[PDB]
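The structure appears below as C-alpha cells.
Number of protein chains: 6
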Amino acid sequence: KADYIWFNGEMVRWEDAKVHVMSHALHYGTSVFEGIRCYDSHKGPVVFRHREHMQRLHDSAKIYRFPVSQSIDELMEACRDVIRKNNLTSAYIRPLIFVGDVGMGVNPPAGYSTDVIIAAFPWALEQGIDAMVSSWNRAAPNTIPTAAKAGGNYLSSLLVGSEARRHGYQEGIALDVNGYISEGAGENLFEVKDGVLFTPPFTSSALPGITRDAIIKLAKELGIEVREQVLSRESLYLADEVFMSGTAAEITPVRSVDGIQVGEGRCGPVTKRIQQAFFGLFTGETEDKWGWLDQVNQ
Amino acid sequence: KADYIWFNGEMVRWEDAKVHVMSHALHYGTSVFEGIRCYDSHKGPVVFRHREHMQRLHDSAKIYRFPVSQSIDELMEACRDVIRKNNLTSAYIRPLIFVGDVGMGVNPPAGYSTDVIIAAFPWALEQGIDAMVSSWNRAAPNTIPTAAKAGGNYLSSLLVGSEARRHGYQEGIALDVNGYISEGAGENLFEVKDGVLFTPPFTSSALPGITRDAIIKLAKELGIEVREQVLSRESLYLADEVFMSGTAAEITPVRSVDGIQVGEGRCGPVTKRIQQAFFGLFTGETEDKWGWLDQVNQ
Amino acid sequence: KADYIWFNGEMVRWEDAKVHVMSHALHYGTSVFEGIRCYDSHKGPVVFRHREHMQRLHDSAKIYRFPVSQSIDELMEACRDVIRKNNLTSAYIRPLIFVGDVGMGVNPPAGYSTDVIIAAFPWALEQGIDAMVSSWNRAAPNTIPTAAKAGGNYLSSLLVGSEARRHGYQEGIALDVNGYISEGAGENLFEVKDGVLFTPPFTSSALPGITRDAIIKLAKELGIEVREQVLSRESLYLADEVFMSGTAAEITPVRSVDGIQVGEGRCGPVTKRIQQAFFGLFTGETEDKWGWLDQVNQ
Amino acid sequence: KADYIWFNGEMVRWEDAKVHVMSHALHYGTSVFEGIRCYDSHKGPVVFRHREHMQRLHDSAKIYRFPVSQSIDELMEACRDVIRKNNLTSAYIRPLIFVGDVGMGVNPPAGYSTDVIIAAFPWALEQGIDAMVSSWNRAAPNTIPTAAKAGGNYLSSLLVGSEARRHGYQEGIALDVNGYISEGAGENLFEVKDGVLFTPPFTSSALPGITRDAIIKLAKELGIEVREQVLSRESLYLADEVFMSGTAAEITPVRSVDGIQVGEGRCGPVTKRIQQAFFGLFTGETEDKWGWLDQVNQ
Amino acid sequence: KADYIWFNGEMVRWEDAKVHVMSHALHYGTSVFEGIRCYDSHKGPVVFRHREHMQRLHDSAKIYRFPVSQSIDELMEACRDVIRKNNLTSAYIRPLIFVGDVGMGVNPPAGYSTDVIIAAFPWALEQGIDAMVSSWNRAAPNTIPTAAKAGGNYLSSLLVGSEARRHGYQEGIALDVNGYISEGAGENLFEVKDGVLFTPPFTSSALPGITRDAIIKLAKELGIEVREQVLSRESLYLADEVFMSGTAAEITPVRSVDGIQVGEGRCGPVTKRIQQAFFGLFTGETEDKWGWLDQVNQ
Amino acid sequence: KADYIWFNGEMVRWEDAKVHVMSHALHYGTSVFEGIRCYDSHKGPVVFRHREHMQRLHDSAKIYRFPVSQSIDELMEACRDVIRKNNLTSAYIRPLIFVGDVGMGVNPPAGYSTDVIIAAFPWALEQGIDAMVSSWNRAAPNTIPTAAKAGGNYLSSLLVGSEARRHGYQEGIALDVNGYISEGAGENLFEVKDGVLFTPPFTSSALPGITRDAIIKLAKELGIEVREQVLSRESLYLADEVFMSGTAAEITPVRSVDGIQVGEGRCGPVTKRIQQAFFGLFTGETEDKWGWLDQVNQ
Ligand SMILES: *Cc1c(COP(=O)(O)O)cnc(C)c1O
Ligand SMILES: *Cc1c(COP(=O)(O)O)cnc(C)c1O
Ligand SMILES: *Cc1c(COP(=O)(O)O)cnc(C)c1O
Ligand SMILES: *Cc1c(COP(=O)(O)O)cnc(C)c1O
Ligand SMILES: *Cc1c(COP(=O)(O)O)cnc(C)c1O
Ligand SMILES: *Cc1c(COP(=O)(O)O)cnc(C)c1O
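Residue numbers (PDB author numbering), protein chains in the order written: chain C, 1004 to 1126, 1134 to 1308; chain C', 1004 to 1126, 1134 to 1308; chain A, 4 to 126, 134 to 308; chain B, 504 to 626, 634 to 808; chain B', 504 to 626, 634 to 808; chain A', 4 to 126, 134 to 308. A prime marks a further copy of an entry chain.
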C-alpha cells in the first residue's frame, strides 16, 4: 500500500481508486498488465528496463485489440510521477490496462476506451527452493496467446502454483501440452548443464520474459554459451543447475525438483556468476551497456 | 442497469457497488460467474433452471478452490430478493464470485474469503445468423478447465467472437486443438443431419451448457434421436440444420457457415420444433416435467 | 475401356475424350469424383445407391466451392445413358468434376465453370486378403477435408497402398495422426469382436463410405449390434473378424494383419452373413427396403 | 499462352498438347511440378536457379516413386529449348511430370512410365499486401509429404488462399496442426525482429522453397543473422517486418496481418535491402557467386 | 510365499525356481503376465474368470509374437494344480511368460521358446482412498501397446504410483497424452454422475480390465446405465462417486481427488450396490449367469 | 559366454549367476542397464568412454529412484576386474542394476536394495544396410522417460526392430508421435546433406547416445558443421548420406530407406571421414583429446 495511484491521468488517493463491480475485466479477464521494479542504485531510484515493459504492455493490448490512448512515453512519465509522488526509492510498479464499465456483452461496443491504472508500492535467493512438476499443462499454442501478459492467463498460474504449495513445495514447473518443459507458474526456467545455459523457446508456451532476456544478454557478456531449445522433463533431473527468473522473483535458484536434488543441492556456480552480474548493475560494478537503468528523477 | 445489487449479503444501491482497483480478479482473471434468466410466464416471474446454475457456480469455484461462504439455497434466495427488490419480471441475472482486495501475489493468502455479487437487469431467432469458423482454437484439455465458467476463460471467447464480427459475420465457431468442432464463441453448437440431433461432447473443450442440457432432454421428449459425439469441421457444410444454444442466445439458428448456406438458408424444421417446445415452457403449453421453472415469489 | 464417354452433355467417342495438358486439375489435384457400380440383377441392370453417390459428388464440390451446372437428376440420367449407350449390364461408373483449362493461378478466376465427365466400363472375396499397417498416416482433421472425395486426396491412398504391395501384402491399413485406426488405403474398415460390429467414426479421418453406410443398415436389419467408435491398433490383432468395404472392393474379408492371423484365418461367420444379405439384394432374396436399386431402363 | 510445348521429347503446338480424360493424374492428383522463372538480364535471358528446380522435380518424383526417364541435364536442355523456340526473354516455366493414361487403379501397373510436359509463357511491391491467418491448417508431418511439390498438395493452398481472398485480404497464412506458423498459401514466410531474420523450418510443414534458400544465402552475404526456428502466431503481430517468398511472388512484403499493422505499414528496411540484393543479380550489381544464373543461349 | 511353483510343466520347490541373470526379460522387459484370484466360496475354492485371464495372457504374447507352446486349457489345468498342490483356498495367482536365456540381441533368435511360470500365494473398503492426478502421462496410442499386459509397461505404473505415495495419497490417476483420464496406476477408473456409470474406453490408453468388464456386465444386470466414453480431468471433481477396479484392488472407492472431496467423502450408493453384487457371487446371492466361477476341484 | 560374472561384489562362475523367478525386474521391467565396449588398442585393452557410461547408469537409476550402493569408481573397478578375470581384450560389457526378489507389489518396499551384475563377453560397416521406417512410434515425451536406459523401454525397440527384420530389412527407423524422425530401433540416427551433419534432438524421443555425443565432438574437430534439429521423414530420401550410431553398432552406414537408395547406395564420404577418425582412436592416429580411453590395466 501507498498513497496516490495514477488513474487515467489523475493522481487519485489510494482509498478513492475504485471501479464499478460491473467492469468488464472483473467478469471476463479482459485486462493486460505489467510487473516493473524500481531499484535504489548508485545513481538513485532507477526503473529496470522501463521502456521494454511499457512496450510489452502495448504489445499485449495490441494482440487483444484493446484501445490504448496513452503513448509509451506518456506511460513512462506517469510511472516516474507515481514513484516520486509516493516518495518511493525501492518499489514494485503495476501498470494495468483494463476494459471497464461498458456493456455486459463479451465483445465491447465499438468506440470504447480502456481504463489505465499505475500503482506502485514498497518492495530465498541463496539456498534455493524446492520445486515440483505440476499435473496441469500450460496453454496450447493457438488458443490463448502466451506471449501476451493478460489477466485471464493467470488462472493457469494459479492452478500450477497452488498445487505446488499444497504439496509442500515453493513453486511448480509446468509442461506444455506436448510434455516438454514450459516454465514455472509465473517465471521463466533456466538449466545449466556442462557450463552451458539452456532455456525453452517461446513456442514451448513460455512468456517472453524481460528478466529472461536480460539474463541471456548478461550470460553472453560473461562468455557463457546460451542455447534456446525445447527441453524434456528428465533434463531437470540431469541438469547441474536450475533457476527461475522474473521481475518479482529476480534470479531464484532451484535446489531440487520432485524431491530429486539438483547437483549438490545449493546455488550453483553459474547461477552465482549471473546473480552477481545482475545485481552488480545497481552497484555500478556491472556496466549498463544497454541502457537498462531509467532514472526516476530526470 | 437497475437499482440495488446484492453485495456480500447487503442490498447496495447500484451506484455504490464498487471494488478497489487492486482487486485480485481485475489483474488475474480470478473470478467465476453465471448467466441466468428470469422469464415472465403463465405463473409469473420465473427463474429458468435456477438451482442448476447456482450448482455450477459452486462447481466452478470448487475447481479453482475459491472459498464460497454462501450455500446454494442462500444464493438462490438472494437471487429472488434482487429480482423482487428491483421490480423485475423479465431479466438477466449475473452472480459473480471473485477474489477481491487481497495481496498482489498470484496465490491468495490462506484464510482469505471471496466477494460475491448478484446483479440483475431487464432483458434474430427466426431468419438465422451467418457464422464463420475462427482461426483461433479453444483451450486444450488439461490446461485451463473448460468445464468451469471462469472469467479468465473469456479471453478466448473475445478472440473468437471479435474475429467473426470484424469479417462481417454474427458469430464465430471455434475448433479445438485437434481440429474438431468445439462450440461458438460463447454458446454450444448443435447439428441436425437426417432428423438426428448432434452435439460435441465436453471433451471437445465445450462447456457443459445448461441450455444445451435442456435441449437434449426436450429433444428426447419429442422423440428425436440425440448423438453426443465428436464432429468434423466439414460436417457444418453437410448438415441439414445448425443452431447455437446459450442462456443469453437461447436457441439461435445458423443459416450459413463460411459463406456456405445450411440447407435452404432459413430456420429448419427440427430447430423449429425444439424452439416451440422450449418457449412453450413459459406459456404452459410444454409441461414442466423436470421442475425447471423456479418462481420468484415463493 | 468402352465406346463413348459423357463429356459436358455430349456422348463423345472414348478415344476423342481429351483435355489440354494445362488443365488445372492436372497440376493442382482440383477434381472431385465418385465410384458407382451397376449390377446385373433379377430386375436387370441396376445402379446401386445411385442418388446417394451423385449427392456426395455435389457435396464434395460444395466443400471446395467448385461450380456445378448439372443437377443431381441430370447427372443421374446422364449416367444411365452412358450405361445404355455402351450396352453395359455390369460396370463401374466414374463421374468426375474437374477444373479444366483455366489460368495457371491456384485460385480459379471468378465466373469459371467446371468440366464434367462420366465414364463407365465393364466390371479374393471367399478366402480373405493379407493386410499390413502402413507407416504413413491419413490426413489430420482440419487440413485437407477427408469427407470430400477429391483427387488430391489420393496421394495418400497411393502411399499407403503401394507400401503394402511392395512388402507382399494385398492392402495397407492407415492410422490417423493420433495413432488410431482410420481405414484401408481406399476402403473403410470393420471389426467383429464378440458378435459386435465395430467401425471408426468419420473423425478418425475415415471417408463417409456409402458401402460402409449400407453395411451398417443391413447389420441392424440382421439384428447385429453396431458400434461406431475410435479403435486402437491392437484391436486388429484381438478381433474375431476384420473386413474392408468400398464400391470397387464391395465386402473384402481380411484374414491377417501384419502377419498375425485373424481368428482362424478365413472369412468369418458375421462377415458371411453380411455378404449374403448384401449380394441378396441383386437376387431378390434381400428386400430392398431403402430404394437402393435404381433401374437403368426407365 | 504461347506456341509449342515440350511434350515427351517433342515440341508440339500449344493447341495439340492434349491428354486423355482418363489420365491418372486427373483423378488422383498423381503429378509433380515446378515453378521456374526466366529473367531478362544484363547477360540476356537467364533461368534463375535452373538446376535447383530440376533437381527438386526429381526429388518430388522420387518420394512418390514416379518413374522419370529424363535426366536433370536433358530436362534443362528441353527447358532452354522451350524458351528459345517460343522467343521468350521473360517468362514462367512449368515442368510437369504426371501419371497418364494407365489403368484406373490407384496403384499404377508395374512397368509404367510418366508423361512429361514443359510449358513456358510470358511474365506486393513497395506498399506490401494485407494478409490473414487462415482457419485451415497445413498437412501434418507423416501424412502427405510437404517437401514434395506435388499436384494433390494444392487442395490445401486452394483452401487457404481462397478464404483469404473471400475476406478481402491478398493472401492467407496457414498454421500447422500444432498451431505454429507454417507458411503462406503457396509461398514461404519470413519475419524480421531486431535486425534478425526468422523463418519456419521444414518441419513446420513448410516446403523447402528455392527462393527461400536464395534469400537465406543473400542475407548471410549482407551480414544479416538468420534464425531458422518454429514461430508462434503472435510473432506476426510483434515482428518489425514480414514478407513472403516464392518463384512467382519473388519477395512480397506484408504490411498487416489480421488487420494489425506490421511496424509502420510499409516495406521495411531489411526487406528492402534483401530485395535490392536479389534484383541486383539481374543487373550485375550483385555478383552471382553461386552460379544461380543459367544462360538460355548455350 | 508357498511351496512349489509350476515351471515349464514341472512343480519345482519355491526355492529352486531360479533363472539365469542373462535372461532376456531381465534386460529388456520382454515378458507378459497375468493377475488372477482364487476365492473361497460357497462352492469351495474358485478361480474368478479363469479362462478370461488365460486368454488375455495368450493375447498379450500374440501382440509381441512371443511363442507359447501351452494351450489355454493346459495353462488352466496347471493353475488349478498349483493351487491344490500348495493347499491354497484363497490366493493370488501369477502366470508369467518370458523370454529367457537366449542371446543378448534385442530380437530373439528364430526358433526360440519362452519360459512359463505359474506362482500362487495366499491372499479401500467402505471409507475409500485419497487419490491425486499424476504429473506423468500413460503411453501414447501407437507406441507400446496398452492392451497387452507386459512387464515393460509397468515402468509407467511405477512412476504414477510412486509419485502419489510420495505425496501422501494412496493411488495416482494418470491422464493420457491428450489430457483425458486414462486410469489409475494399475487399475481401471469408474465415475458415477446422475445415477450413470462412466468409464474411459481402451483408446484412452486404458488396459481392457477383466474386473472392469465384470463390473460393466453386473451394472447392466442391475439396470444401471453404462457409458464408455472419454472423460475430462474436471469430471473427477464433478462426479458423485468414483472408484477403481482391478484383480488385486477389486472395487476400491475413491473419496477424494487432489484434496477435493467426492460427494460426501464416503463410499457411494451405486458403488455399494455394485460391490454387493460382485461379492455376492462368492456367497451364492448373485447368480453366476456367465460362468465366471471355475472350481479348483475338477 | 565367458567364465565369471561380477554379481553384487563377487566374481561368480557364469553358470551359477542365477536369480529367483519372482524377481521384480522379470515382471515389471524394473531394471537399468548399459552397453560398454572394450577395444584392443595401441595401448592394450581399453574401455571406451567408461566413466560416461557408468555415469549414465547412475542417472538412469536416479530417474526411477532405484537405490544404488556402489559409486561410479567402484563400478568402474569392478568392470576392469571382469575383463581381466575373463582374459578379454575385445569385448562387450553389460552392467545391469535391477530390482530383485522383493514383494510382488509394483512399488518396492521402503529400504530395499537393488541387485547389480556386470557381465562381459567377446566381441555391414563398409557397404551399408537397408532400413525401413517402422509403423510403430517411439514413446511420447512425458510417459516413459526416453533419456533413461531402462529395461522396460525395450518393448519398443523389439517392435520396431522385429518388424524391419520380418520385411527383409536390417533395421527399422522409428518416428516419434508427431511424425518426426526419432532414431533406429536401438541406435541414434544421423543425416548428411550439403556437407552438413544432422541429428534429432533428445526431445524427438531419442536417447542421449554416448556414441552419438562422440561423433558430434569428432565432427567438430574435423571442421564439419553439426545441426541438432527435428527432422522430417522425407529428409531420409533427400539426404546425401545416412548412418546409425551405438555402442554395439558403432557407425553403421545406411544405403537405402524404404527401398529408396541413399545417394549412390554406398558408404558416403563424410561417413567415411568420421569412421576413420573414430577407429583412429584405437590406433593412435586420432589423438584422444578428451580422455575417452580408460586403460583396463592400471
Ligand atoms: C510476467 C511473467 C513472467 C516473467 O516475465 P518478466 O518480464 O521477466 O517479469 C514469466 N512467466 C509468466 C507466465 C509471466 O506472466
Ligand atoms: C456460459 C457458456 C455457454 C452457455 O451455457 P448455458 O449454461 O447454456 O448458459 C456456452 N459456452 C461457453 C464458453 C460458456 O461460457
Ligand atoms: C471412395 C472411398 C472409400 C469407399 O467409399 P464407398 O462410397 O463405399 O465407395 C473409402 N475410403 C476412401 C479414402 C475413399 O475415397
Ligand atoms: C512452390 C512452393 C513454394 C515456393 O518455393 P519456391 O521454390 O521458392 O518457388 C512455397 N510453398 C509451397 C506450398 C509451394 O508449393
Ligand atoms: C492388470 C491391469 C489392470 C487391471 O485389470 P484386471 O484384469 O481387472 O485385473 C488395469 N490397469 C493396468 C495398467 C493393468 O496392468
Ligand atoms: C543404448 C541406446 C542407443 C545407443 O546409445 P550408445 O550410448 O551410443 O550406446 C540408442 N538408442 C537407444 C534406444 C538405446 O537404448
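Here a beta-carbon is modelled for each residue, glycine too, at the ideal position from N, C-alpha and C.
Cα-Cα separation between residue i and residue j, rounded to whole angstroms
i                        : j                        : result
residue 1219 of chain C  : residue 1095 of chain C  : 16 angstroms
residue 707 of chain B   : residue 308 of chain A'  : 55 angstroms
residue 258 of chain A'  : residue 40 of chain A'   : 8 angstroms
residue 605 of chain B   : residue 529 of chain B   : 12 angstroms
residue 1127 of chain C  : residue 1057 of chain C' : Placed between 1126 and 1134 in the numbering, residue 1127 of chain C has no coordinates, as chain C goes from one to the other without interruption by modelled residues.
residue 194 of chain A   : residue 160 of chain A   : 17 angstroms
residue 533 of chain B   : residue 148 of chain A'  : 31 angstroms
residue 665 of chain B'  : residue 542 of chain B'  : 29 angstroms
residue 1302 of chain C' : residue 1296 of chain C' : 11 angstroms
residue 559 of chain B'  : residue 537 of chain B'  : 8 angstroms
residue 274 of chain A   : residue 200 of chain A   : 17 angstroms
residue 1154 of chain C' : residue 1067 of chain C' : 10 angstroms
Own chain partners of residue i with C-beta closer than 6 angstroms, once the 5 adjacent residues on each side are dropped
i                       : result
residue 1169 of chain C : 1146
residue 763 of chain B' : 638, 753, 777 and 781
residue 83 of chain A   : 306
Beta carbon of residue i nearer than 8 angstroms to that of residue j
i                       : j                       : result
residue 44 of chain A'  : residue 292 of chain A' : yes
residue 579 of chain B  : residue 122 of chain A  : no
residue 772 of chain B  : residue 549 of chain B  : no
residue 100 of chain A' : residue 22 of chain A'  : no
residue 1241 of chain C : residue 1210 of chain C : yes
Cβ-based neighbour list, residue i, same chain, cut-off 7 angstroms, excluding 5 preceding and 5 following
i                       : result
residue 515 of chain B' : 507 and 508
residue 616 of chain B' : 570 and 572
residue 1203 of chain C : 1249 and 1250
Per-residue burial, residue i [other beta carbons within 10 Å of its own, 16 or more giving buried]
i                       : result
residue 162 of chain A  : buried
residue 671 of chain B' : buried
residue 76 of chain A'  : exposed
residue 189 of chain A' : buried
residue 228 of chain A  : buried
(Q) Is it the case that the stretch 1081–1089 of chain C contacts the stretch 1184–1199 of chain C, given that we only count it when at least three CB pairs across the two stretches are under 8 angstroms? (A) no
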